[PDB]
Amino acid sequence: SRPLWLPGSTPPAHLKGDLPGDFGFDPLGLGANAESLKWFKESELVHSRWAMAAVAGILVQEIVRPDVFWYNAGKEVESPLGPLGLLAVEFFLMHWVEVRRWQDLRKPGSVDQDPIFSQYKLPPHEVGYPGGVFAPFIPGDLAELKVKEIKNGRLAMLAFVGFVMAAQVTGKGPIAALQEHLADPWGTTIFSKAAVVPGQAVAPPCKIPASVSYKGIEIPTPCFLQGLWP
Amino acid sequence: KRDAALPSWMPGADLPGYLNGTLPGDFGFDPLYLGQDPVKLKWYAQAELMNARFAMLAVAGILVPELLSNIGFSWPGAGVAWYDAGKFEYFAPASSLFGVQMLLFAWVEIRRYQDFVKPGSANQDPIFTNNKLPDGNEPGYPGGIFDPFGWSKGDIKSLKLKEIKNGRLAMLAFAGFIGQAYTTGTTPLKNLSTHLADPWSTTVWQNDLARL
Amino acid sequence: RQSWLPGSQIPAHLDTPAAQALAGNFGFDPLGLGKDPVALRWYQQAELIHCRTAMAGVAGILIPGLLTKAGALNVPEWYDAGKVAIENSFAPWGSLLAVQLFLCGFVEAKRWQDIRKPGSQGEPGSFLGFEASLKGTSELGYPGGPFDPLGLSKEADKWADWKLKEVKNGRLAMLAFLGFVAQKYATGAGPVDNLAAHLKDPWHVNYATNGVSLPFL
Amino acid sequence: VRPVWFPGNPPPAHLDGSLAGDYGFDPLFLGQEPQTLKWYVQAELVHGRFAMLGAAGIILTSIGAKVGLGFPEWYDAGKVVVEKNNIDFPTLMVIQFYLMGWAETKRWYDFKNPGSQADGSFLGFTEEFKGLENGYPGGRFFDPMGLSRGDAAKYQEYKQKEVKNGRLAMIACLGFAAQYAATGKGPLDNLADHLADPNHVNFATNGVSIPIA
Ligand code: CHL
Ligand code: CHL
Ligand code: CLA
Ligand code: CLA
Ligand SMILES: CC(/C=C/C=C(C)/C=C/[C@@]12O[C@]1(C)C[C@@H](O)CC2(C)C)=C\C=C\C=C(C)\C=C\C=C(C)\C=C\[C@@]12O[C@]1(C)C[C@@H](O)CC2(C)C
């Protein structure tokens, strides 16, 4: 009745197209339990929204600041607030925001009220889609926009993973890595730099230093699952 | 089971029913269920008031003396840290002061305890028998001579909430004095000046990591 | 029903109404020592006396030890105090102990006769008018009367909770004294010295590294 | 009708095919008594799940050592960890039996008295320790994703996979011990040597397994 991830297949029973972005993909049956699916549905949106901002953020950083590698931006950035001053502010602000989001998930409607100003409240809403002040402008139908959000979100989640593994394998940002592919497309793919055959395994070298010195301490910087690289 | 109209320490949470809102400052906070038993809750309510009122006097007795010294006011006790007041030389030895203290506090504390056991039974002066507190007082809120200006005749419910709120904040402040003095080795207002001088590099994380 | 071992079969003799009325009944009697009701009554008295003596003894070791470390007092180690005290004493330990046996024996005998015939020490004329105060209460092991000056036991709503606190702290005190004896031989230091040494380096200073407790390792 | 370990031989009466991995294999009749069989079913699952963890841990670290990431061999890891990190062996050993003793004893008394650990005695937790079946705890803590709380048919398939992968891991761990004793090398050194010359580097030529050769 609806397009599927694998055309011609039959979606699992627990998937019926109610959710946006429901293309009948759950081969392991992780979402069969209703309670689990509610938590996983919330988690997918959060991962997707974080990934979309991060992928957009990384791309703009490279264009605006091509001289700084996004993978190194943690140590290269110097601000007066210092390391622990920034972390302390981030911890408390994120703890408040995340606990309130969490409470809505457990008990929907219980954190729609503004704690300080008694006249402001979020109108009733679905979990994961807090309207009101968070949605001043809605260009069109929500149902269509929800599909657009999750599809772009699932693409940005894969894009970030592509940035991480490309950075560790090439040591270059997403745009610089792309230009390397375009210069020599036949000699720049992962197949062109790695291969395993019976009796020999060749893997690229991790282009990230094993450790980073930062303000008098050493921060380990290991490549992700390097021993399992092709 | 707790009424949903009452304010909550954690909006949306389901809180115990025995904290029905009669006591002042009832926000339903009891994650360890210490006050579940009504008999113990009665004692804890008084203990919270007693520790709260001594903490408020103690905190005010540690900041104002230090604030006055910083301003420039001069008096023999000026410039002495609250944790060095014991060694200071007074008109009498500290041992004799302690002895007088316990005798005086035995009288007033046993008078207060008598009211808690049997409210209204300690409202009369034992020497000048004419003097007496009003018969309507409750344990923890004597009134009468203890409320000469009659503030208790106004919005008592709000005033009790203000008292416990300031009291709970004062109790945390005194706990901060012990922790801050033990780790920084300086007076509380000197610690505040250090934080205001450079807030971003003077957090407890910065300070304790250096001492680590 | 609280149990020392959730899911185990509670002994039948600890599930009777009489046994469940004892303070600290968590169904713990693997050896079946208290299976006989008469024996359980006697062992309940023994546990209370051990509890109260251990609490006083452990408090007499731990509080002076903590104050000695803080400098408020100067008391020797609990295992050296007997020698230090006797040197500055007015009597040899033999005469001191003999008097103790006479005085302790007298009060212990009166308690003993009360266990056999509860309330019997109130026999008129036996004591010089004081026997009226020696009848005890309805519960064996809780004499009350002159033994409860503040009258805390008269509060019925708090009686069960008071008894549970006494037995719980008493059982803890007994294990603490057994810990003092074992730690004295294993480490050759004081109880507070052992606590400080553990806190200084918990992962390398404990009983697995004292060279005595675990010889196979 | 179901496939059996020895085609043609009828399965024994006490193996009726309900349990996962039931192939009628019990030639010594060790699980004939139903109460003994329940205990053995859990013993096989505990062995299998520990072997699966051990096989995956040995394999991963062996790969790291092979590709020169600095990992020790599984038969050398114990010495390297304590010496490198300055860890007292007896202290680590004692902590292990405290934590395993607590978890194992609670598992032990759920077998003796099912559902007895769900009364709330442990920190007030009730449902997470109720248990679902003999050897299959379930619940939010042991099954956070609730894969046993969804499709029943899917759940039965996972049980078949778990025990079969568990039996294979148990055999593999036996292989690691036997191969280390025979060759003195790591599992992937053995695999690499076999692949280089399969016909001439195998157990028949290691000088130990076939002494008469
Ligand atoms: C989404 C979060 C996030 C991610 C994915 C990264 C990713 C990265 N950072 Mg960055 N950082 C992140 C947040 C932050 N970083 C920094 C500060 C730094 C520094 C100073 C450095 C990096 C570096 C790196 C890189 C390598 C780090 C590594 O391998 O560490 C291995 C792992 C660890 C060292 C610890 C892992 C901790 C654990 C996964 C999470 C712990 C969670 C907390 C307990 C939660 C409580 C705190 C609050 C705030 C949430 C990598 C690109 C390094 C770099 O540039 O290398 C070239 C580097 O030097 N980051 C801050 C402080 C403002 C962050 C705040 O959120
Ligand atoms: C709320 C109750 C309360 C609290 C929290 C404190 C807290 C403190 N008093 Mg204080 N006192 C309190 C009530 C009282 N004190 C005293 C009398 C004293 C004295 C006389 C002294 C203190 C000192 C101390 C400190 C102990 C730590 C230390 O430096 O040890 C190490 C101890 C020393 C370096 C002091 C050595 C010289 C001292 C003359 C030896 C004899 C001290 C006594 C044994 C103190 C007994 C205090 C008891 C009765 C509360 C600490 C800041 C000491 C201080 O200020 O040290 C800087 C101190 O000397 N207090 C009295 C009697 C009026 C109290 C009555 O309630
Ligand atoms: C996931 C989010 C994220 C994170 C963690 C970072 C992190 C970083 N960015 Mg990046 N960035 C992001 C998103 C993100 N960015 C996005 C979406 C954009 C596009 C607009 C950019 C554009 C950008 C540029 C152009 C630059 C960085 C730079 C930096 C670095 C220094 C930051 C700084 O100095 O802040 C200082 C902070 C302030 C002065 C105040 C900022 C207040 C903002 C605007 C409020 C935002 C509110 C919003 C609702 C938050 C949503 C969060 C999330 C849910 C998406 C740091 C590594 C700099 C860099 O590379 O330095 C080496 C740099 O030049 N970022
Ligand atoms: C009554 C609340 C209160 C206040 C206003 C302060 C204020 C301060 N503390 Mg103190 N502190 C407190 C309680 C408080 N503390 C308590 C209860 C403890 C015992 C654990 C400590 C232990 C402590 C240490 C060990 C240190 C400080 C330090 C500091 C400074 C800030 C930097 C820092 O690391 O803070 C960390 C403070 C905390 C984690 C306290 C958290 C608990 C309080 C009650 C939170 C209240 C939040 C609430 C919204 C109200 C806050 C605002 C209001 C008062 C206007 C600053 C002078 C540092 C310093 O001296 O720097 C020079 C420092 O090293 N405090
Ligand atoms: C009384 C006591 C200690 C008294 C100590 C005193 C007076 C100390 C006094 C002094 O220290 C001072 C103050 C100061 C020092 O300078 C001098 C001395 C003189 C040294 C300890 C009892 C200590 C008693 C102990 C430890 C008893 C433990 C019993 C256990 C574990 C029984 C278990 C079971 O019996 C059950 C319950 C049920 C069965 O089915 C199963 C089993 C297992 C058999």
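A, B, ... follow the sequence lines: proteins, then strands. Residue 1 opens every chain. Just the heavy atoms: all of them, side chains too, but no hydrogens, waters or symmetry mates, feed the values below.
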Would you say [atom1] of [X] has more than 12 non-hydrogen atoms from neighbouring residues, nucleotides or ligands within 6.0 angstrom?
X: A:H125; atom1: NE2; answer: yes
X: C:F26; atom1: CZ; answer: yes
X: B:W107; atom1: CH2; answer: no
X: A:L87; atom1: CG; answer: yes
X: B:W200; atom1: CH2; answer: no
X: C:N74; atom1: CG; answer: no
X: B:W205; atom1: CH2; answer: yes
X: B:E89; atom1: CD; answer: no

Consider side chain to side chain donor-acceptor pair (under 3.5 Å). Of C:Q20, C:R1, C:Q2, which one does C:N25 pass it with?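 Single pass found, and it is C:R1.
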Atom of [X], atom of [Y] and distance for their closest heavy-atom approach:
X: A:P130; Y: A:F134; value: O-CB, 3.1 Å
X: C:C51; Y: C:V167; value: SG-O, 4.2 Å
X: C:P191; Y: C:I61; value: CG-CG2, 4.4 Å
X: B:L189; Y: B:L63; value: CD1-O, 3.9 Å
X: C:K135; Y: C:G122; value: CG-CA, 3.7 Å
X: A:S110; Y: B:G12; value: CB-CA, 3.6 Å

Looking at [Y], is its backbone amide N or carbonyl O close enough to the side chain of [X] to form a donor-acceptor pair, meaning the two atoms are under 3.5 Å apart?
X: C:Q44; Y: C:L22; answer: no
X: B:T203; Y: B:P199; answer: no
X: B:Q114; Y: B:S121; answer: no
X: C:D148; Y: C:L152; answer: yes
X: C:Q121; Y: C:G119; answer: no
X: C:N169; Y: C:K165; answer: yes

Please round to the nearest 0.5 Å and tell me the distance separating atom [atom1] of [X] and atom [atom2] of [Y].
X: A:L105; Y: A:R100; atom1: CG; atom2: CZ; value: 14.0 Å
X: B:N191; Y: B:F177; atom1: CG; atom2: CZ; value: 10.0 Å
X: B:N51; Y: B:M56; atom1: CG; atom2: CE; value: 11.0 Å
X: B:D3; Y: B:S8; atom1: CG; atom2: OG; value: 11.5 Å
X: B:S96; Y: B:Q101; atom1: OG; atom2: CD; value: 11.5 Å
X: B:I164; Y: B:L169; atom1: CD1; atom2: CG; value: 11.5 Å

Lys/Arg-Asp/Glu bridge criterion (N-O < 4.0 Å) met for B:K87, B:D84: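 So B:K87 does not pair with B:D84 through a salt bridge.
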Ion pair check, A:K107 and B:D14, cut-off under 4.0 Å: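 Looking at B:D14 together with A:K107, the answer is yes, because their closest N to O distance falls below 4.0 Å.
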Quick one, [X] and [Y] - any side-chain contact, counting heavy atoms below 4.5 Å?
X: A:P115; Y: A:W96; result: yes
X: B:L196; Y: B:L192; result: yes
X: C:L66; Y: C:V192; result: yes
X: B:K40; Y: B:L34; result: no
X: B:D147; Y: B:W151; result: yes

Using 30° and 60° as the class limits, which term best fits the ring planes of [X] and [Y]: parallel, tilted or perpendicular?
X: A:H95; Y: A:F91; answer: tilted
X: B:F88; Y: B:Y90; answer: perpendicular
X: B:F105; Y: B:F54; answer: tilted
X: C:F127; Y: C:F130; answer: tilted

For D:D119 and D:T126, run side-chain contact (heavy atoms from CB on, under 4.5 Å): C-alpha distance rounded to whole Å, both residues' side-chain angles, the deciding distance at 0.1 Å, then the answer. CA-CA 6 Å; D:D119 58 355; D:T126 57; over 6 Å; no
Does the side chain of [X] pick up a donor-acceptor pair with the side chain of [Y] at under 3.5 Å?
X: A:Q113; Y: A:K121; value: no
X: B:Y18; Y: B:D30; value: yes
X: B:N130; Y: B:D125; value: no
X: B:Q206; Y: B:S201; value: no

Step-by-step side chain to side chain donor-acceptor pair (under 3.5 Å) determination, B:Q124 to B:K132: CA-CA 4 Å; B:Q124 180 172 341; B:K132 186 192 179 187; over 6 Å; no
Using the salt bridge (charged side-chain N to carboxylate O under 4.0 Å, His left out) rule, pick out the option among B:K165, B:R2, B:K160 that qualifies with B:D26.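 Exactly one option meets the salt bridge (charged side-chain N to carboxylate O under 4.0 Å, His left out) with B:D26, and it is B:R2.
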Could you walk me through whether B:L133 and B:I145 pass the side-chain contact (heavy atoms from CB on, under 4.5 Å) test, one step at a time? CA-CA 7 Å; B:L133 302 175; B:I145 190 66; 3.7 Å; yes
A:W102 six-ring face occupied by A:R106 cation (under 6.0 Å, within 45°):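 Positive - A:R106 is close enough to the ring of A:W102 and near enough to its axis.
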Between B:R53 and B:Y141, is NZ or CZ placed under 6.0 angstrom from the six-membered ring centre and within 45° of the ring axis?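 So B:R53 does make the cation-pi contact.
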Looking at C:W162 versus C:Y142, is the centre-to-centre ring distance below 6.0 Å?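 No, too far apart.
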So, do B:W9 and B:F27 have ring centers that fall under 6.0 Å from each other?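 No, ring centres 6.0 Å or more apart.
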Can B:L19 and B:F29 be said to form a side-chain contact (heavy atoms from CB on, under 4.5 Å), step by step? CA-CA 8 Å; B:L19 300 178; B:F29 181 76; over 6 Å; no
Just jot down the salt bridge (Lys or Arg N to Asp or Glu O under 4.0 Å) partners of A:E42, sequence neighbours excluded, or say none.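 A:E42 satisfies salt bridge (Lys or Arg N to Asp or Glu O under 4.0 Å) with A:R101 once adjacent residues are dropped.
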Quick one, B:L97 with B:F91, criterion side-chain contact (heavy atoms from CB on, under 4.5 Å). Give me CA distance, side-chain angles, the key distance, then yes/no. CA-CA 10 Å; B:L97 295 169; B:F91 72 94; 4.1 Å; yes
Can you pull the side chain to side chain donor-acceptor pair (under 3.5 Å) pairs that have at least one residue in residues 52-72 of chain C, sequence neighbours excluded?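 Passing the test, one end in residues 52-72 of chain C: C:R52-C:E166.
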